[PDB]
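S.K.: Submitted below is the structure of interest, expressed as C-alpha coordinates.
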Amino acid sequence: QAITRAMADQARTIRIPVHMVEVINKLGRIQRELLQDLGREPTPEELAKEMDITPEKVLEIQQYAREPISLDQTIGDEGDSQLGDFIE
DNA sequence: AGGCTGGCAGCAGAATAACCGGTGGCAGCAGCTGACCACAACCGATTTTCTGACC
(Lines give C-alpha, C1' and ligand atoms only; values in the text may rest on other atoms or scores of the structure.)
Protein backbone atom coordinates (compact mmCIF):
# COMPACT_ATOMS: atom_id res chain seq x y z
CA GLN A 1 0.00 0.00 0.00
CA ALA A 2 2.78 2.45 0.87
CA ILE A 3 4.76 1.75 -2.30
CA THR A 4 1.77 2.05 -4.65
CA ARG A 5 0.36 5.12 -2.86
CA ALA A 6 3.69 6.94 -2.98
CA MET A 7 4.28 5.94 -6.60
CA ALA A 8 0.93 7.53 -7.46
CA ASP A 9 1.79 10.62 -5.42
CA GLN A 10 5.30 11.13 -6.77
CA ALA A 11 5.77 9.45 -10.15
CA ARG A 12 4.45 12.35 -12.24
CA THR A 13 5.40 15.97 -12.85
CA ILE A 14 1.89 17.41 -12.95
CA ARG A 15 0.46 15.48 -10.03
CA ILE A 16 -2.64 13.38 -10.69
CA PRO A 17 -4.60 12.24 -7.61
CA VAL A 18 -4.87 8.64 -6.53
CA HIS A 19 -8.43 7.97 -7.71
CA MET A 20 -7.73 9.28 -11.20
CA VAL A 21 -4.54 7.20 -11.25
CA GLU A 22 -6.71 4.20 -10.32
CA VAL A 23 -9.10 4.80 -13.20
CA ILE A 24 -6.20 5.42 -15.62
CA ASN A 25 -4.65 2.07 -14.66
CA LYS A 26 -8.03 0.34 -14.94
CA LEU A 27 -8.57 1.85 -18.40
CA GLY A 28 -5.11 0.70 -19.45
CA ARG A 29 -5.69 -2.89 -18.32
CA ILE A 30 -9.13 -2.95 -19.97
CA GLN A 31 -7.69 -1.58 -23.22
CA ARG A 32 -4.85 -4.12 -23.22
CA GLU A 33 -7.13 -7.10 -22.52
CA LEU A 34 -9.54 -5.95 -25.23
CA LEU A 35 -6.71 -5.37 -27.73
CA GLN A 36 -5.42 -8.90 -27.17
CA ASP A 37 -8.81 -10.49 -27.90
CA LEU A 38 -9.88 -8.22 -30.77
CA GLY A 39 -6.69 -8.24 -32.82
CA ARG A 40 -7.15 -4.48 -33.19
CA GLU A 41 -7.07 -1.33 -31.11
CA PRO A 42 -10.44 -0.88 -29.36
CA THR A 43 -12.54 2.16 -30.13
CA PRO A 44 -13.59 4.68 -27.45
CA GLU A 45 -17.16 3.37 -27.79
CA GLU A 46 -16.07 -0.19 -26.97
CA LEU A 47 -13.91 1.01 -24.08
CA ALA A 48 -16.76 3.17 -22.76
CA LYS A 49 -19.33 0.37 -22.90
CA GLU A 50 -16.82 -1.94 -21.22
CA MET A 51 -15.98 0.41 -18.34
CA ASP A 52 -19.59 1.68 -17.87
CA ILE A 53 -18.81 5.33 -18.64
CA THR A 54 -19.24 7.76 -21.52
CA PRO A 55 -16.85 8.10 -24.49
CA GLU A 56 -16.37 11.75 -23.51
CA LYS A 57 -15.18 10.55 -20.10
CA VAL A 58 -12.84 8.05 -21.79
CA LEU A 59 -11.41 10.87 -23.92
CA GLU A 60 -10.94 13.05 -20.83
CA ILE A 61 -9.09 10.26 -19.01
CA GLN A 62 -6.83 9.63 -22.01
CA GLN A 63 -6.28 13.39 -22.15
CA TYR A 64 -5.19 13.56 -18.50
CA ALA A 65 -2.90 10.53 -18.86
CA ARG A 66 -0.20 12.36 -20.89
CA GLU A 67 3.35 13.08 -19.56
CA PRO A 68 5.25 16.21 -20.62
CA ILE A 69 8.13 16.11 -23.07
CA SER A 70 11.37 17.89 -22.16
CA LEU A 71 12.70 21.23 -23.37
CA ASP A 72 16.29 20.00 -23.30
CA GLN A 73 16.43 17.14 -25.78
CA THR A 74 18.30 17.89 -28.98
CA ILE A 75 15.58 17.76 -31.63
CA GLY A 76 18.26 18.44 -34.21
CA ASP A 77 19.82 15.01 -34.66
CA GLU A 78 23.20 16.63 -35.35
CA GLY A 79 23.11 17.84 -31.74
CA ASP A 80 23.59 21.50 -32.67
CA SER A 81 20.18 22.68 -31.40
CA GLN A 82 17.67 21.78 -28.70
CA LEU A 83 13.89 21.94 -28.61
CA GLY A 84 13.68 24.95 -26.28
CA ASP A 85 14.99 27.27 -28.99
CA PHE A 86 12.18 26.42 -31.46
CA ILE A 87 9.22 27.78 -29.49
CA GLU A 88 7.58 31.11 -30.27
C1' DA B 1 66.26 -1.93 11.40
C1' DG B 2 63.09 1.26 8.57
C1' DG B 3 62.51 5.85 5.75
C1' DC B 4 61.83 9.36 2.28
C1' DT B 5 63.44 10.03 -2.39
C1' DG B 6 63.48 8.97 -7.06
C1' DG B 7 61.22 7.37 -11.34
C1' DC B 8 57.37 4.39 -12.70
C1' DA B 9 52.84 3.30 -13.19
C1' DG B 10 48.02 4.18 -13.28
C1' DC B 11 44.12 7.39 -13.43
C1' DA B 12 40.67 11.93 -13.49
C1' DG B 13 39.58 15.72 -16.42
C1' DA B 14 39.22 19.09 -20.51
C1' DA B 15 38.95 20.10 -25.90
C1' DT B 16 38.13 18.97 -30.55
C1' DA B 17 -6.80 -3.72 -6.10
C1' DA B 18 -10.49 -2.60 -4.05
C1' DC B 19 -13.84 -0.57 0.39
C1' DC B 20 -15.33 3.28 3.96
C1' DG B 21 -15.55 7.76 6.16
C1' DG B 22 -15.36 12.43 6.08
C1' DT B 23 -14.75 17.21 4.43
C1' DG B 24 -14.40 20.91 1.75
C1' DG B 25 -15.04 22.69 -2.94
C1' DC B 26 -18.37 23.79 -6.38
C1' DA B 27 -22.08 24.64 -9.74
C1' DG B 28 -26.96 25.36 -10.26
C1' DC B 29 -30.60 27.75 -9.07
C1' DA B 30 -34.91 29.96 -6.69
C1' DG B 31 -34.95 34.16 -4.06
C1' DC B 32 -34.35 38.09 -1.16
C1' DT B 33 -32.95 41.99 -2.92
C1' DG B 34 -30.77 46.67 -4.22
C1' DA B 35 -28.48 49.68 -6.94
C1' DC B 36 -29.14 50.95 -11.66
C1' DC B 37 -30.33 52.10 -16.38
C1' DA B 38 -33.87 53.82 -18.70
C1' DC B 39 -37.46 55.32 -21.38
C1' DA B 40 -40.57 58.35 -20.79
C1' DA B 41 -43.12 61.48 -19.34
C1' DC B 42 -43.95 65.81 -16.77
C1' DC B 43 -43.14 69.88 -14.96
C1' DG B 44 -40.18 74.80 -13.37
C1' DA B 45 -38.42 78.49 -14.72
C1' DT B 46 -36.40 81.08 -18.68
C1' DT B 47 -35.83 83.89 -22.15
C1' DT B 48 -37.64 85.60 -26.32
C1' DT B 49 -40.84 87.48 -28.58
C1' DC B 50 -44.80 87.74 -31.03
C1' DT B 51 -49.93 88.27 -29.94
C1' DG B 52 -53.55 90.57 -28.51
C1' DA B 53 -55.99 94.44 -27.06
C1' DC B 54 -55.89 99.46 -24.75
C1' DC B 55 -57.18 104.91 -25.38
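Lettering and numbering for the C-alpha coordinates are positional, with chains as A, B, ... in the shown order, residues counted from 1 in each chain, and ligands counted from 1 in the shown order.
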Report as a CSV table (one decimal) with N, CA and C atoms, in the first residue's frame the set of chain A residues whose atoms approach chain B to within 12 Å, with distances computed over only C-alpha atoms (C1' of nucleotides).

M.R.:
chain,number,residue,atom,x,y,z
A,1,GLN,N,0.8,-1.2,0.0
A,1,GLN,CA,0.0,0.0,0.0
A,1,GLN,C,0.9,1.3,0.0
A,4,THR,N,2.7,1.6,-3.6
A,4,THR,CA,1.8,2.1,-4.7
A,4,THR,C,1.2,3.4,-4.4
A,5,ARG,N,0.9,3.8,-3.2
A,5,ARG,CA,0.4,5.1,-2.9
A,5,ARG,C,1.4,6.2,-3.1
A,19,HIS,N,-7.3,8.6,-7.1
A,19,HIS,CA,-8.4,8.0,-7.7
A,19,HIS,C,-8.4,8.1,-9.2
A,22,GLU,N,-6.0,5.5,-10.3
A,22,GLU,CA,-6.7,4.2,-10.3
A,22,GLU,C,-7.5,4.0,-11.6
A,23,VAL,N,-8.3,5.0,-12.0
A,23,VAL,CA,-9.1,4.8,-13.2
A,23,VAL,C,-8.3,4.8,-14.5
A,25,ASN,N,-5.2,3.4,-14.6
A,25,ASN,CA,-4.7,2.1,-14.7
A,25,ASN,C,-5.7,1.1,-15.1
A,26,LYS,N,-6.9,1.2,-14.6
A,26,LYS,CA,-8.0,0.3,-14.9
A,26,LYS,C,-8.3,0.4,-16.4

S.K.: Mind checking DSSP for chain A and telling me the helix (DSSP H, G or I) residues as JSON, numbers by chain?

M.R.: {"A": [2, 3, 4, 5, 6, 7, 8, 9, 10, 18, 19, 20, 21, 22, 23, 24, 25, 26, 27, 28, 29, 30, 31, 32, 33, 34, 35, 36, 37, 38, 44, 45, 46, 47, 48, 49, 50, 51, 55, 56, 57, 58, 59, 60, 61, 62, 63, 64, 83, 84, 85]}

S.K.: From the set A:20, A:85, A:79, A:41, which residue has the shortest atom-to-atom contact distance to residue A:57, counting only C-alpha atoms?

M.R.: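 For residue A:57, the nearest of the given residues is A:20.
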